[PDB]
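Enquirer: Before I ask anything, let me first share the structure, which is written out below as structure tokens.
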Amino acid sequence: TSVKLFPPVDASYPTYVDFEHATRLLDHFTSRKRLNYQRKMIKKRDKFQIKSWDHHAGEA
Amino acid sequence: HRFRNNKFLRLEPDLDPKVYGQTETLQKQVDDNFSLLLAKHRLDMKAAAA
Amino acid sequence: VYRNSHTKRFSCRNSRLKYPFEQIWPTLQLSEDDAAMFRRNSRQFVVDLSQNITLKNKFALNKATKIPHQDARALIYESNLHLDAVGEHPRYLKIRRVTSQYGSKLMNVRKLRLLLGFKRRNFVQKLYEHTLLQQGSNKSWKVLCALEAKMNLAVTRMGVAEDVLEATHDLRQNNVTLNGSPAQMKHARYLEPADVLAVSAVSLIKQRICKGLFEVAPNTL
Amino acid sequence: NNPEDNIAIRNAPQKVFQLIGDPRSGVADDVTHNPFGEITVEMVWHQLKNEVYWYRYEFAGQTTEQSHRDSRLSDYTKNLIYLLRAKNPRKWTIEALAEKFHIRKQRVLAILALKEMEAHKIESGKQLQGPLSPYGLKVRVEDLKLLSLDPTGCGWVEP
Amino acid sequence: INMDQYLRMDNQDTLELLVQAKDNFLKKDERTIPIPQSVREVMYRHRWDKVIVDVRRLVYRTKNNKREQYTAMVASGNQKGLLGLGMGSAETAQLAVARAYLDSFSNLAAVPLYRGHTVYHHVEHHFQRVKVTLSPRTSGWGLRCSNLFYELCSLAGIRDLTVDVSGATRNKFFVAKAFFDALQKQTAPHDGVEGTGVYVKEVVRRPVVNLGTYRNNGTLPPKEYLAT
Amino acid sequence: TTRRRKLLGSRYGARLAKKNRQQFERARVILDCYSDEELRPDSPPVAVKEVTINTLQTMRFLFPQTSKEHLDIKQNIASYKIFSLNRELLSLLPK
Ligand SMILES: [K+]
Ligand SMILES: [Mg+2]
């Protein structure tokens with residue numbers, strides 16, 4: 001059995017990973033539509049709210 | 001001491017874990033100690049009785 | 001896609017190395033010829049010194065023990081005329097151009113897919129988008145945290161699977177439980193700092209570990 | 001509490017106060033460098049039979065040392081934490097135990113949970129059976145005394 | 001292969017190698033390596049990286065045939081606070097690059113940076129028929145710029161910045177030169193501080209965005225401005 | 001074609017409370033369930049008297065030296081174990 005404790009402070013991988021190069025490419029394909037849907041759901045986490053069931057077009 | 005290598009004066013070698021199993025070897029070691037104690041009581045009774 | 005690029009032998013390709021491929025699977029058994037091919041990326045010959053040096057020796061010559069994670073790229077792939085390329089005329093030193101970035105950036109994204117267990121590109125793209133909204137100041141570390149929060153990678157860290165691919169198969173068979181019951185959205189969720197993982201296929205996992213270490217176990221109990 | 005034998009004292013927050021100028025006429029903070037550290041990477045291992053390299057990333061590598069000790073505490077230490085908590089929960093709080101063993105509070109609570117689960121298995125009769133039975137020990141909390149290394153050198157005294 | 005010898009070589013002290021390498025490099029003549037001896041000594045205190053900026057070909061016609069000449073620019077700099085540009089001309093591309101690389105070490109210069117990762121304030125520079133803008137960003141935000149400037153930022157050590165370049169950018173020598181000059185127009189809080197009679201103290205203030213950004217994201221600015 | 005029975009899980013505490021209530025109550029006190037106001041149970045806390053530990057490593061893996069310090073630790077554990085066995089035996093010896 002294992003238990004997690006907190007956000008990692010160290011990590012080891014069997015190879016060198018260049019995160020800056022990986023993210024530079026991925027920053028070119030970002031979708032504003034998907035980001036906006038995520039932003040709206042952050043403000044509507046609580047199901048037991050009146051304001052979470054208003055009239056809107058689409059999913060959020 | 002003539003038995004330089006056989007320091008513990010054993011009659012049989014210890015069981016190999018890779019062939020007989022770790023649990024079997026551990027049980028064998030426990031049985032060996034009890035046999036030594038039992039033999040000691042066995043010799044004394046025979047001498048006292050006969 | 002029954003390609004060789006989807007096998008462990010040829011999974012990773014790096015065009016900046018003498019041998020274009022790279023070994024990243026710590027449990028893969030290589031033949032003598034295969035080992036020789038990979039060893040060419042580890043040993044280099046120095047003219048003035050007339051000796052062979054290794055990648056680890058190169059770091060020592062540069063006095064590099066803990067360096068900024070962006071600076072390791074300049075050490076692995078470049079050369080210097082005062083430490084490791086002494087005796088070579090400057091005319092024959094290799095200097096990169098700004099046109100090589102695309103190959104490098106594409107390679108790194110392939111590495112993230114390989115570490116996660118041969119995931120699709122759209123899977124990685126959404127993972128990057130997810131981190132953009134989570135709180136934190138350093139973008140690079142947020143990406144690293146997201147990788148660790150993945151369930152299959154966490155199972156690998158426990159030490160019950162040979163690699164991430166074997167861990168993924170275990171999840172599909174429900175050999176590991178989350179908070180006492182099989183996980184929901186196990187391939188898409190993230191683990192939290194208070195989650196508990198346990199093995200439900202106890203007999204299966206115990207056999208797996210014993211067999212792996214049977215040869216390295218001592219013959220005296 | 002000496003830096004030679006106290007890694008925790010070595011890994012302590014630093015109070016930084018650096019200036020440029022003349023304190024009698026005018027000064028300004030020195031902001032020409034970053035003394036708080038940054039993310040680092042290091043090569044740890046190299047397998048010569050498979051040609052595999054291992055790299056380790058650390059969030060605070062430049063301001064910490066020997067961070068690998070925290071997650072590799074001996075079994076004796078873990079049992080001691082479990083016994084101290086059971087003996088006197090009033091004094092042995094999570095804060096006190098964390099300070100005593102130089103670990104975090106989250107680790108202390110996690111260790112207690114795992115030890116508690118193991119104890120139930122032993123009591124239920126699922127572990128330490130057969131030849132290994134003698135190694136399951138039942139301890140009464142009252143009959144427990146913690147010794148201290150008060151005398152310089154080798155030797156543990158009751159108080 | 002002998003694995004035992006391979007292991008022995010891998011785990012060895014490199015002090016002997018360092019001494020031999022340093023002696024050989026410092027004893028070379030000024031023709032093969034025209035780097036001054038003083039510069040060679042400093043090369044062992046840092047880690048260096050280099051990149052090619054651009055290669056141009058010039059053609060001169062004659063009675064019978066044409067004469068081709070190559071010019072190149074190479075940028076080199078230690079990871080933190082050192083950058084230099086060198087130019088070299090030769091009859092071949094390979095020779096021009098080599099001469100430019102050697103010339104870069106003779107043009108090293110210091111780059112001021114706030115905490116070693118960004119710029120002190122907004123910078124706008126006008127090199128002939130080129131415009132470059134630099135905007136500071138919070139630590140950890142990242143770099144937003146073209147590929148050419150991304151390579152230059154790695155050499156100097158800049159970690160968070162936004163760069164925008166416009167105008168006649170066909171000649172990449174001018175673009176690199178404009179970027180170099182912009183970094184040298186910054187001002188620091190400690191410039192002539194003795195004549196102020198005050199304590200110039202660093203403070204923590206979060207930057208803001210424009211109103212349109214808040215509306216689109218559906219978020220709010222700091223409460224200090226919303227007070228009503 | 002699988003003969004493996006379907007697995008529907010449950011939390012560890014849920015199963016323990018139905019199998020051994022005494023162990024469940026002890027765990028709550030140890031795991032600091034009475035410090036937070038929100039999570040504080042209504043039932044009063046129970047005092048902890050006996051615990052069980054595993055000493056296999058401390059006896060045969062961790063203390064190899066011949067100094068008095070290591071010998072004393074092993075002897076104390078062995079002596080305490082014998083007392084526990086004797087107390088159990090005395091409860092059964094009388095006719
Ligand atoms: K793909
Ligand atoms: Mg533009």
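Quick note on naming: the chains in the structure tokens go A, B, ... in the order shown, residues restart at 1 in each chain, and ligands are numbered from 1 in order of appearance.
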Taking only C-alpha atoms into account, which residues of chain E are within 10 Å of chain A, as JSON, numbers by chain?
Expert: {"E": [142, 143, 144, 216, 217, 218, 219]}
Enquirer: Let me see the file: selected residues, N, CA and C atoms, as a PDB file, in the first residue's frame.
Expert:
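Dumped everything to again.pdb:
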ATOM      1  N   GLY E 142       7.925  32.578 -18.596  1.00  0.00           N
ATOM      2  CA  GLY E 142       8.476  31.992 -19.802  1.00  0.00           C
ATOM      3  C   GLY E 142       8.867  33.055 -20.810  1.00  0.00           C
ATOM      4  N   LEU E 143       9.267  32.589 -21.990  1.00  0.00           N
ATOM      5  CA  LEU E 143       9.725  33.450 -23.073  1.00  0.00           C
ATOM      6  C   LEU E 143       8.720  33.417 -24.215  1.00  0.00           C
ATOM      7  N   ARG E 144       8.354  34.597 -24.709  1.00  0.00           N
ATOM      8  CA  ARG E 144       7.477  34.744 -25.869  1.00  0.00           C
ATOM      9  C   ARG E 144       8.205  35.612 -26.891  1.00  0.00           C
ATOM     10  N   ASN E 216     -12.860  39.063 -20.816  1.00  0.00           N
ATOM     11  CA  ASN E 216     -12.883  37.815 -21.572  1.00  0.00           C
ATOM     12  C   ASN E 216     -12.674  36.611 -20.663  1.00  0.00           C
ATOM     13  N   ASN E 217     -11.771  36.726 -19.690  1.00  0.00           N
ATOM     14  CA  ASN E 217     -11.489  35.621 -18.783  1.00  0.00           C
ATOM     15  C   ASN E 217     -12.492  35.518 -17.642  1.00  0.00           C
ATOM     16  N   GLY E 218     -13.328  36.530 -17.439  1.00  0.00           N
ATOM     17  CA  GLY E 218     -14.290  36.500 -16.351  1.00  0.00           C
ATOM     18  C   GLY E 218     -13.660  36.547 -14.977  1.00  0.00           C
ATOM     19  N   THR E 219     -12.661  37.403 -14.785  1.00  0.00           N
ATOM     20  CA  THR E 219     -11.949  37.528 -13.522  1.00  0.00           C
ATOM     21  C   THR E 219     -11.950  38.990 -13.093  1.00  0.00           C
TER      22      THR E 219
END
Enquirer: Taking only C-alpha atoms into account, report as a ChimeraX atom specification which residues of chain E lie within 12 Å of chain D.
Expert: /E:1-11,80-81,111-120,139-140,157,159,188-203
Enquirer: Would you compute the distance between CA of residue 44 (chain C) and CA of residue 61 (chain C)? Give it in Å to one decimal.
Expert: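 Straight-line distance from CA of residue 44 (chain C) to CA of residue 61 (chain C) works out to 14.0 Å.
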Enquirer: Around ligand 2, out to 7 Å and counting only C-alpha atoms and all ligand atoms, which residues are there? I want them as a ChimeraX atom specification.
Expert: /E:164-166
Enquirer: Do you know which residues are within 9 Å of ligand 1 using only C-alpha atoms and all ligand atoms? Can you write them as a PDB file with N, CA, C and O atoms, in the first residue's frame?
Expert:
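Done, and the output landed in pocket_20.pdb:
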ATOM      1  N   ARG C 110       7.557  13.825 -28.204  1.00  0.00           N
ATOM      2  CA  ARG C 110       7.506  12.373 -28.326  1.00  0.00           C
ATOM      3  C   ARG C 110       7.971  11.694 -27.046  1.00  0.00           C
ATOM      4  O   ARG C 110       7.456  10.630 -26.685  1.00  0.00           O
ATOM      5  N   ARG C 113       5.105  11.532 -24.577  1.00  0.00           N
ATOM      6  CA  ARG C 113       4.181  10.467 -24.951  1.00  0.00           C
ATOM      7  C   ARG C 113       4.726   9.102 -24.551  1.00  0.00           C
ATOM      8  O   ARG C 113       3.978   8.240 -24.077  1.00  0.00           O
ATOM      9  N   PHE C 118       2.964   5.551 -24.350  1.00  0.00           N
ATOM     10  CA  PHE C 118       2.523   5.603 -25.746  1.00  0.00           C
ATOM     11  C   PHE C 118       1.144   6.253 -25.858  1.00  0.00           C
ATOM     12  O   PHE C 118       0.208   5.694 -26.432  1.00  0.00           O
ATOM     13  N   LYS C 119       1.025   7.451 -25.296  1.00  0.00           N
ATOM     14  CA  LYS C 119      -0.218   8.196 -25.376  1.00  0.00           C
ATOM     15  C   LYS C 119      -0.287   8.988 -26.680  1.00  0.00           C
ATOM     16  O   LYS C 119       0.725   9.271 -27.324  1.00  0.00           O
ATOM     17  N   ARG C 120      -1.509   9.348 -27.058  1.00  0.00           N
ATOM     18  CA  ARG C 120      -1.739  10.138 -28.255  1.00  0.00           C
ATOM     19  C   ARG C 120      -1.368  11.598 -28.006  1.00  0.00           C
ATOM     20  O   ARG C 120      -1.314  12.068 -26.869  1.00  0.00           O
ATOM     21  N   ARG C 121      -1.109  12.320 -29.099  1.00  0.00           N
ATOM     22  CA  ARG C 121      -0.682  13.710 -28.971  1.00  0.00           C
ATOM     23  C   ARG C 121      -1.765  14.570 -28.336  1.00  0.00           C
ATOM     24  O   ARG C 121      -1.472  15.433 -27.502  1.00  0.00           O
ATOM     25  N   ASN C 122      -3.025  14.359 -28.726  1.00  0.00           N
ATOM     26  CA  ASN C 122      -4.109  15.135 -28.136  1.00  0.00           C
ATOM     27  C   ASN C 122      -4.177  14.932 -26.630  1.00  0.00           C
ATOM     28  O   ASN C 122      -4.585  15.840 -25.898  1.00  0.00           O
TER      29      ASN C 122
END
Enquirer: Mind listing the strand (DSSP E or B) residues of region 90-166 of chain E, per DSSP on the backbone, as a list in words?
Expert: residues 90, 109, 114, 118, 123, 124, 125, 126, 127, 130, 131, 132, 133, 134, 135, 136, 143, 144, 161, 162, 163, 164, 165 and 166 of chain E
Enquirer: How about saving the chosen residues, C-alpha atoms kept, as an mmCIF file, in the first residue's frame?
Expert:
data_model
loop_
_atom_site.group_PDB
_atom_site.id
_atom_site.type_symbol
_atom_site.label_atom_id
_atom_site.label_comp_id
_atom_site.auth_asym_id
_atom_site.auth_seq_id
_atom_site.Cartn_x
_atom_site.Cartn_y
_atom_site.Cartn_z
ATOM 1 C CA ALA E 90 36.130 34.152 -45.996
ATOM 2 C CA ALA E 109 30.165 42.326 -22.997
ATOM 3 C CA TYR E 114 16.953 42.394 -12.914
ATOM 4 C CA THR E 118 14.376 39.743 -16.852
ATOM 5 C CA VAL E 123 12.617 49.121 -23.619
ATOM 6 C CA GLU E 124 12.065 50.445 -27.148
ATOM 7 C CA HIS E 125 15.008 50.802 -29.537
ATOM 8 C CA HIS E 126 15.254 51.955 -33.162
ATOM 9 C CA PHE E 127 18.176 50.459 -35.022
ATOM 10 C CA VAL E 130 14.280 48.027 -37.375
ATOM 11 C CA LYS E 131 12.202 48.336 -34.203
ATOM 12 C CA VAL E 132 12.538 46.099 -31.139
ATOM 13 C CA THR E 133 10.415 46.108 -27.977
ATOM 14 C CA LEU E 134 11.148 44.379 -24.663
ATOM 15 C CA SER E 135 8.559 43.870 -21.911
ATOM 16 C CA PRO E 136 9.404 42.406 -18.476
ATOM 17 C CA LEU E 143 9.725 33.450 -23.073
ATOM 18 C CA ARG E 144 7.477 34.744 -25.869
ATOM 19 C CA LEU E 161 10.566 38.226 -21.409
ATOM 20 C CA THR E 162 8.382 39.192 -24.365
ATOM 21 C CA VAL E 163 10.075 40.490 -27.522
ATOM 22 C CA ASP E 164 8.419 42.007 -30.602
ATOM 23 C CA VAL E 165 10.392 42.996 -33.710
ATOM 24 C CA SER E 166 9.051 44.792 -36.783
#
Enquirer: Give the alpha helix (DSSP H) residues of chain A, as DSSP finds them on the backbone, and put them as a list in words.
Expert: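 After running DSSP on the backbone, chain A has alpha helix (DSSP H) at residues 19, 20, 21, 22, 23, 24, 25, 26, 32, 33, 34, 35, 36, 37, 38, 39, 40, 41 and 42 of chain A.
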Enquirer: List the neighbours of region 28-32 of chain B out to 8 Å using only C-alpha atoms; skip same-chain residues closer than 2 positions along the sequence, and give me the result as a PyMOL selection string.
Expert: (chain B and resi 14-15+24-26+34-36) or (chain D and resi 131)
Enquirer: Contacts from chain F to chain D, 12 Å maximum, only C-alpha atoms: show me the residue list as a ChimeraX atom specification.
Expert: /F:12-13,16,19-35,45-63,67-74,76-85,87-88
Enquirer: At a cut-off of 12 Å, list the chain A residues touching chain D, using only C-alpha atoms, as a compact mmCIF listing (two decimals) with C-alpha atoms, in the first residue's frame.
Expert:
# COMPACT_ATOMS: atom_id res chain seq x y z
CA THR A 1 0.00 0.00 0.00
CA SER A 2 1.16 3.53 -0.80
CA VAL A 3 0.04 7.01 0.22
CA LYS A 4 0.74 10.33 -1.48
CA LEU A 5 1.81 13.22 0.75
CA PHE A 6 2.15 16.49 -1.18
CA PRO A 7 3.09 18.03 -4.55
CA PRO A 8 6.42 16.57 -5.65
CA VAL A 9 9.70 18.27 -4.80
CA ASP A 10 11.96 15.85 -6.72
CA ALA A 11 11.67 13.39 -9.58
CA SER A 12 13.88 10.97 -11.51
CA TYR A 13 13.45 9.69 -15.06
CA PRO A 14 15.56 7.34 -17.20
CA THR A 15 16.24 10.10 -19.75
CA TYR A 16 16.74 13.84 -20.06
CA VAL A 17 13.55 15.79 -20.77
CA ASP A 18 13.63 19.37 -22.08
CA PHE A 19 10.36 20.82 -20.81
Enquirer: Please build the interface table for chain B against chain C with a cut-off of 8 Å, listing for each qualifying residue the nearest atom pair and the distance in Å to one decimal; count only C-alpha atoms, order rows by chain and increasing number, and write it as a Markdown table.
Expert:
| residue | atom | partner | partner_atom | distance |
| --- | --- | --- | --- | --- |
| B:16 | CA | C:219 | CA | 6.6 |
| B:17 | CA | C:219 | CA | 6.2 |
| B:18 | CA | C:219 | CA | 6.4 |
| B:22 | CA | C:221 | CA | 7.1 |
| B:25 | CA | C:221 | CA | 7.9 |
Enquirer: Can you check which parts of chain F lie within 8 Å of chain C? Per residue, the shortest pair of atoms and distance in Å to one decimal, counting only C-alpha atoms, sorted by chain and number, as CSV.
Expert:
residue,atom,partner,partner_atom,distance
F:8,CA,C:181,CA,6.5
F:9,CA,C:181,CA,3.9
F:10,CA,C:180,CA,5.0
F:11,CA,C:180,CA,4.5
F:12,CA,C:180,CA,6.3
Enquirer: Give me, as JSON lines, each residue of region 119-192 of chain E that comes within 12 Å of region 74-78 of chain C, together with its shortest interatomic pair and the distance in Å at one decimal, counting only C-alpha atoms, with rows ordered by chain and rising residue number.
Expert:
{"residue": "E:151", "atom": "CA", "partner": "C:74", "partner_atom": "CA", "distance": 11.5}
{"residue": "E:154", "atom": "CA", "partner": "C:74", "partner_atom": "CA", "distance": 9.8}
{"residue": "E:155", "atom": "CA", "partner": "C:74", "partner_atom": "CA", "distance": 9.8}
Enquirer: Any idea what's packed within 9 Å of residue 184 (chain E), counting only C-alpha atoms, ignoring anything in its chain fewer than 2 positions away? Could you give it as an MDAnalysis selection string?
Expert: chainID E and resid 110:112 180:182 186:187
Enquirer: Suppose we keep N, CA and C atoms; can you now write the selection as a PDB file, in the first residue's frame?
Expert:
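What ended up in out-v7.pdb:
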ATOM      1  N   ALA E 110      28.978  42.751 -20.939  1.00  0.00           N
ATOM      2  CA  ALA E 110      28.099  42.464 -19.816  1.00  0.00           C
ATOM      3  C   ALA E 110      26.675  42.913 -20.119  1.00  0.00           C
ATOM      4  N   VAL E 111      25.709  42.112 -19.685  1.00  0.00           N
ATOM      5  CA  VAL E 111      24.293  42.384 -19.932  1.00  0.00           C
ATOM      6  C   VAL E 111      23.589  42.617 -18.600  1.00  0.00           C
ATOM      7  N   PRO E 112      23.095  43.823 -18.320  1.00  0.00           N
ATOM      8  CA  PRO E 112      22.376  44.039 -17.059  1.00  0.00           C
ATOM      9  C   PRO E 112      21.009  43.372 -17.075  1.00  0.00           C
ATOM     10  N   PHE E 180      20.925  43.522 -29.337  1.00  0.00           N
ATOM     11  CA  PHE E 180      22.070  43.758 -28.464  1.00  0.00           C
ATOM     12  C   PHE E 180      22.049  45.174 -27.897  1.00  0.00           C
ATOM     13  N   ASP E 181      21.736  46.166 -28.733  1.00  0.00           N
ATOM     14  CA  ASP E 181      21.751  47.551 -28.274  1.00  0.00           C
ATOM     15  C   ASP E 181      20.615  47.841 -27.302  1.00  0.00           C
ATOM     16  N   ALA E 182      19.458  47.205 -27.486  1.00  0.00           N
ATOM     17  CA  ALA E 182      18.331  47.460 -26.596  1.00  0.00           C
ATOM     18  C   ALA E 182      18.665  47.073 -25.162  1.00  0.00           C
ATOM     19  N   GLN E 186      19.098  49.908 -20.614  1.00  0.00           N
ATOM     20  CA  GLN E 186      18.410  49.829 -19.337  1.00  0.00           C
ATOM     21  C   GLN E 186      19.083  50.732 -18.307  1.00  0.00           C
ATOM     22  N   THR E 187      18.310  51.101 -17.290  1.00  0.00           N
ATOM     23  CA  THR E 187      18.807  51.842 -16.142  1.00  0.00           C
ATOM     24  C   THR E 187      18.517  51.050 -14.875  1.00  0.00           C
TER      25      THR E 187
END
Enquirer: One decimal, in Å: what's the spacing between CA of residue 19 (chain C) and CA of residue 164 (chain C)?
Expert: 25.1 Å
Enquirer: With only C-alpha atoms as the counted atoms, please give the residues lying no more than 10 Å from residue 171 (chain E), apart from itself and same-chain residues fewer than 2 positions off, as an MDAnalysis selection string.
Expert: chainID E and resid 54 56 130 168:169 173:176
Enquirer: May I ask for the distance between CA of residue 32 (chain A) and CA of residue 106 (chain C), given in Å to one decimal place?
Expert: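 One can read the CA of residue 32 (chain A) to CA of residue 106 (chain C) distance as 22.4 Å.
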Enquirer: Between C:51, C:80, C:99, C:23, which has the minimum distance to chain D (counting only C-alpha atoms)?
Expert: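 Among the listed residues, C:23 lies closest to chain D.
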